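Spelled out from the first residue to the last, the chains are:
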Amino acid sequence: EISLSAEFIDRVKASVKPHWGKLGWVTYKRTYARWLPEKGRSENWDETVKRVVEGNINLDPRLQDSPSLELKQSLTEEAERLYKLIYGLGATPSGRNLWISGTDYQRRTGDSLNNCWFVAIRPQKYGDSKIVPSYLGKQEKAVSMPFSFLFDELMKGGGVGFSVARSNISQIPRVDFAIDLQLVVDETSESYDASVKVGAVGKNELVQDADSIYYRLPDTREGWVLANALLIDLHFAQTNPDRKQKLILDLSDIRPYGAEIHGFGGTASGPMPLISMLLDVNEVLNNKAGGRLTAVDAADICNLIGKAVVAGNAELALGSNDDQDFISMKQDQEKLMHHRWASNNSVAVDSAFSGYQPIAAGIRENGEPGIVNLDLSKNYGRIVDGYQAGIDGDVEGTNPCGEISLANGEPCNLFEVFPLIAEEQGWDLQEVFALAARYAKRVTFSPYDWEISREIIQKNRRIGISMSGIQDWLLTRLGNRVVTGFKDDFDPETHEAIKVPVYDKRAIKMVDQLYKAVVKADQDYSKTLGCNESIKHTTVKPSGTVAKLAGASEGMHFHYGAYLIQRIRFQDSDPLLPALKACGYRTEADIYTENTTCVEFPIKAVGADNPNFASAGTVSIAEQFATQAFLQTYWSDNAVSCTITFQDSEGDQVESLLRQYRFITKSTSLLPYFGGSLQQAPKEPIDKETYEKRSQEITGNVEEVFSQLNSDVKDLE
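Residues numbered from 1 in each chain as written, not as in the entry; some residues may be left out. Heavy atoms only, no water. Residues with missing side-chain atoms left out of burial classes, pairs and counts.

Its PDB record attributes the structure to X-ray crystallography, giving the resolution as 1.75 Å.

The PDB entry lists the protein chain under the name RIBONUCLEOSIDE TRIPHOSPHATE REDUCTASE, from Lactobacillus leichmannii. Annotation of the protein chain in UniProt includes, under Catalytic activity, the sentence "a 2'-deoxyribonucleoside 5'-triphosphate + [thioredoxin]-disulfide + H2O = a ribonucleoside 5'-triphosphate + [thioredoxin]-dithiol". One UniProt comment on the protein chain, placed under Cofactor, says "adenosylcob(III)alamin". (UniProt positions renumbered as here; feature names shortened; annotations may be inferred.)

The next subject is the overall build of the protein chain. Broken down by element type, the protein chain carries 27 helices and 26 strands. Against the globule reference of 27 Å for 717 residues, the protein chain gives a C-alpha radius of gyration of 26 Å, in line with a compact fold. (Helix = DSSP H or I, 4+ residues; strand = E, 2+ residues; numbered from the N terminus. Rg over C-alpha atoms; globule rule 2.2 N^0.38 Å.)

Let us now look at the UniProt feature "active site" in the protein chain. The positions UniProt marks with the feature "active site" are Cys-401 and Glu-403. Inspection of the secondary structure puts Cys-401 in the loop between β14 (395–398) and β15 (405–407). Given the relative accessible area of 43%, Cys-401 is considered partly exposed. Among all residues touching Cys-401, those that are not within four sequence positions of it are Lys-541 and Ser-641. Among the structural elements, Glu-403 can be located in the loop between β14 and β15. Among residues more than four places away in sequence, those in contact with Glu-403 are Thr-398, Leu-414, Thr-539, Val-540, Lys-541, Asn-638, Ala-639, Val-640 and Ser-641. One polar contact links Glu-403 to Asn-399, side chain to side chain, over a distance of 2.8 Å. (Buried < 20%, exposed > 50% of the residue type's maximum accessible area, 1.4 Å probe, protein only. Contact = heavy atoms within 4.5 Å. Polar contact = N/O pair within 3.5 Å; in protein donor to acceptor, adjacent residues only side chain to side chain.)

As a further point, take the pairing of strand β4 (residues 116–120). In terms of burial, β4 is largely enclosed, as five of its five residues are buried. Both faces of β4 are covered, namely the face carrying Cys-116, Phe-118 and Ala-120 and the face carrying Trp-117 and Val-119. As judged from the five bridges shared by β4 and strand β7 (residues 159–163), these two strands associate in the parallel manner. Bridge assignment links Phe-118 to a residue of β7, and that residue is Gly-161. (Pairing = 2+ DSSP bridges.)

Below, the discussion takes up unusual backbone geometry. Cis geometry is adopted by the peptide bond preceding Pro-369, which originates at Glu-368 and carries an omega value of 0 degrees. Structurally, the position occupied by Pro-369 is in the loop between α15 (356–366) and β13 (370–373). In this model, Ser-66 sits at a positive phi of 30 degrees, which is unusual for a non-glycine residue. Structurally, the position occupied by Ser-66 is in the loop between α3 (45–57) and α4 (69–87). For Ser-66, a relative accessible area of 73% gives the class exposed.

The full count for this structure, using the stated rule, is 57 salt bridges. Here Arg-216 and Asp-253 are joined by a salt bridge, their closest N and O atoms 3.2 Å apart. Highlighted residues: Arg-216 in strand β9 (residues 213–216) and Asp-253 in the loop between β10 (246–250) and α11 (272–286), separated in sequence by 37 residues. Overall, the relative accessible area of 32% leaves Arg-216 in the partly exposed class. Through salt bridges with shared partners, a single network forms among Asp-111, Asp-152, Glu-153, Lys-156, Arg-221, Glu-222 and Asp-449. (Salt bridge = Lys/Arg side-chain N within 4 Å of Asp/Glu carboxyl O.)

Here it is, written out as structure tokens:
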């Protein structure tokens, strides 16, 4: 087993200073630092990175076949470089990886290293997977399969994109039987009352007869999935020969709310959310008994499921562009508040499509729907590499953030690099992206629970090396924004006069070399391992949380402002508050949430004093489209995630721009530049003078003060 020595760590810590953003360390402490029962304290940065790096390196498949002494030392040195890179924050894996990589939970939980997936909502076989209904054969198709997949990955903390295109919904058979459902929660359970409140009946009130179908739920994630799978499959004759229409699900064993759970810092929700979900999911199905399920019904069930996972504390529905019922489903206020908020909805289009008029109207109202061009996604890598028939022919959708082109049951597999920071930390970018590629490649050899995922991954070995802090990197290195201006031109088909962007040709070369570096890295590593080369390699994700660790601009997004006071909200009991107060940070009771404290962090954006500096509120919608297009053309062979924000005075341009880029954009997400005016803004803009004054008030090092207090005060955490 490859590992890093204490001697090496201390050396890195001695020469490498983590490039924390003004909110970085704090964000790390309350987000990725796991609790150490042995030591009675949460992890320190160096420790987290150690287990993350070790957890990834030990995935290399060669280490499974009597690894040679040379092999193990080479991997050890690669791990040491990896540790130095991540520790310095010049690059990092996904937030999920930072939280679970190298942990006991990870090693005992399949799919634990991937945070997003895609699945088509059409009857499918469960195949030889960890979860398989008892009443189902392996190769036997079931209506519940896609829902079970989504339910499972969602409970494992991931996000799931799914397709309810008309083509899939039509594959779902007529709802043959309206099922009578009773949810039992024994009077003895510590969740009895609470459950009765949501519709469950005591063991006494239970009305049973010999013909009823009965299932005792094991107090496990699988128990939850199988119970919803049973409920669904009983509505269809194909998976219910006995025509039994009496189901009794017993959730007396489900652990109560607050109960300790494996794989999360949080606790259990109790069976209550599961009860409601099963009851509501049954209604949607019963309400169509003898009829047919629509995309709205299919999406509602997925939404109800997502809602049950969120519980009392992550989806993307992709449908047909002509399905008006689906497109309008989230506008129903009552149902939006009850569960349709669970997913963000988009429609599938192709380059031939031009019906953007109604789509634009929707977008100008609520920012929905989003768009996914399956045509371009299946026939293109980077747009510059031109049309390539079926290069990604198995693509059927994308993940919730929409940066990865995905096939049915396929997961996202990301790694984020911050070009500006890596360079400032003395790294050669070409080498950074190569380490990135290999990290991702290894994740593809981790344990996966679903057969369909194993197969597709074996064939694709897809990786998604993301580039973040893009605006900081370009403004600094170029002195201006990738889009230097616009020149006149005409639409390639309609000859319509339009404004095309002029890109800084310097940017093309720098991103192109990095792309080729990831491809070379993947080609060589694929040879060494003897597996398939990654079908795709790059993308852009606006990973907010991780970008905060390093204080980098998120994905390709622009900064909210040059100089700002950023407010971070903490529970009044949070261990970090005394340390922050001791360091000079200004605090105030939060007016939007009870028992919460706001802490003010003065922040200066890179290039704040550059006349080419652009704040998100001032960047034209036309320029945002051009910027996304640039990255999709010369960098990402997957997609480009970014929220294009516009002022109402720009709404007249939404339909026009969507049409203009119909031959380049794989997916689009627009949102009316809201804001209005918040009395206690999470991001308040200030002038340079105010920023300097405020930052001078902070003369204490929170990381050091926290450790000191933690030491002098017992049970601070």
